[PDB]
């Protein structure tokens, strides 16, 4: 479900399946080219599925996997950490905490219909993480935006900093 991690990623269940140097992960269920110490059979509650980066051993450096490079047993994956400071690109995956618009109006909460009735119902689009009243880009807008608490302005883009100047 969530393709980001919090903390050391013990509960990460995303679908990253490469390491941080781009090597495809080995399947946890496979014993070539590496024989795993952590496998679905031995550690069934750690979500060790396909070849997805996981943290079944509470490694302080986060999620990892056995690699398909015979000469490298395992390596850490490069996974996006949850929330923000900033947005990549146009904010398609922006899950940060800014909740006011360009003009400074406080956003209306996604799960509210006041002062603006709308169709962006969280339960309709759970994958879009329309959480509280945070700016989001569920629908390929220029940038994350929200509905506003100003009855006279239905919606407005937000001012989300770019991770790249």
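Positions refer to the first chain, counted from 1.
Comparing 39-47 with 56-64, the higher mean C-alpha B-factor in the PDB entry belongs to 39-47. Ranked within its chain, residue 29 lands in the middle third, by CA B factor from the PDB record. Residue 79 sits in the lowest third of its chain by CA B factor, as recorded in the PDB entry. Sort the chain's modelled residues by C-alpha temperature factor and residue 102 lands in the highest third, per the entry.
In the deposited entry, the Cα temperature factor of residue 153 places it in the middle third of its chain's modelled residues.
Residue 140 sits in the middle third of its chain by CA B factor, as recorded in the PDB entry.
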